[PDB]
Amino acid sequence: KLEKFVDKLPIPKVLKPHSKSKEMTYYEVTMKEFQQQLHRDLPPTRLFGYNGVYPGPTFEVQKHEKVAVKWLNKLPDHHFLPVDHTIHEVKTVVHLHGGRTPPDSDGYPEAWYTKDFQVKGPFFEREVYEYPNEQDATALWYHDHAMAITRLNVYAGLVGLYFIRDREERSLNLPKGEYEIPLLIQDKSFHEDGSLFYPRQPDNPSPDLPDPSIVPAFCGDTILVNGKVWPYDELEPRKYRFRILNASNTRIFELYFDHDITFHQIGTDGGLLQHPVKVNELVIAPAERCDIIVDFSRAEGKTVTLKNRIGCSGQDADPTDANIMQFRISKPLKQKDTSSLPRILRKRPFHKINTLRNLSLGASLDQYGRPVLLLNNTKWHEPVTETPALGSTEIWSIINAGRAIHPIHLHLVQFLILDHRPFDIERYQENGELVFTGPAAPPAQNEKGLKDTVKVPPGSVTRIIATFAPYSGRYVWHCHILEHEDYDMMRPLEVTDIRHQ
């Protein structure tokens, strides 16, 4: 179903502010319900989107630029996706993923609000968010974060891009303009209606199981890029810059080109790497970003398809979800490609270690027999335990006793991945003891940079180092598989300033 590579790759328009001064740059974005055609042969798709478009408008901000956004809710009173009323209306709150944001503008899950702020969550306090943008140039993105329905609102189309620029990044003569292309890759499933399909219950729903019921994992049979089903793009035989983002609910990608063409990765979630990394395949979990350079100069006239290697459970991808999009190197070379792939990308490096933390990834069963994925076997309602001090540098040991990868995400900060190491699963479930069973392995070279989301392998412990700065207050950390996050792999993160005790 759905013929591949018939629609052209859409580029989200750069959002224009309502007012821009030397003090502040003020934006207004509204969440509206609408229809949008996602494939040449599909009927329009009912979606929740920012400024009536999917994906939302793209923010272009600068370092130090004080940006203010008023996120307006104009969505209906009822959701068009199956809402599980038993895990915790259309509630909305906007979170800038990876943004160095004070807690009052970070998009707390319980700071949600309905249309026109008429019904507010218990943590609501502001209608106009402010982003100081005191972080280095990188690729961020914004999406909904309302509690218990984050999997639905994000899947409904509430995602958008957000770029930060530096004088350091611009000093690098990188492919810019039309030669910098963002790839917001997502997976979805459609009815014959053309509308989104999201399961109401697991496969064989028992009678007394709640209806609707949250599923432990969802992944669609159709791959989209920038809101277009298996699109295509006509490029020039030169160097391009791809800002790749995986905004799926669950699906992990393993991207590769069907020709002998290599990705040159120059940046991660947090910003630029120190030197480019020559990689043939990109393993990108949900919410992970990859800043890559691709050279098509030796490929004039060829048809290069961006491919995916793995399915939803890590198996070999079917030659339907094995396709991302198709590049056709047929556009004539306008000007000479004078863009650069410099050997050095940063110069500047990325302490005392004040705190150590052990955090377990697991699951429990509720009264209906559903798996409840948990952080430290602790529900979201429970009191806060991850309480780092303002300015503290900590090493988090993330212990994955599950069957598959968990992409764990921390708010506010950008961390570094230390190493992965396997441990004894049986000893861990019977004793709580962490006995290692193999040598430690550093992260891949293209994951040595600043990141806010890390793939924690199954049966292994992932160590990250993080400096909780420069804002104190209430944040959260969670797994970015939204089906896990909503029930209930999410926990509060309280950064505390110390002054007089």
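When you see a residue number, it is the position in the sequence shown, counting from 1.
According to the entry, the deposited sequence has 1 to 3 residues without coordinates between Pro319 and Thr320.
Going from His88 to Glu89, you skip over 4 to 9 residues of the deposited sequence that the entry leaves unmodelled. Mean C-alpha B-factor is higher over 332-340 than over the other stretch, the pair under comparison being 332-340 and 219-227. Look at the mean CA B-factor for 462-470 and for 432-440 in the entry; the higher one is 432-440. Out of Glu386, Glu180, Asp291, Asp211, it is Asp211 whose C-alpha atom has the highest B-factor in the PDB entry. Across the residues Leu272, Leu359, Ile417, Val119, the deposited record lists the maximum Cα B factor for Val119.
Remark: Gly301 belongs to the middle third of its chain, ranked by C-alpha B-factor as recorded.
Ranked within its chain, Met24 lands in the highest third, by CA B factor from the PDB record. Compared with the other modelled residues of the chain, the Cα B-factor recorded for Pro207 ranks in the highest third. Sorting the modelled residues of the chain by their CA temperature factor places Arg241 in the middle third.
Per-chain ranking of the deposited C-alpha B factor places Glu192 in the highest third.
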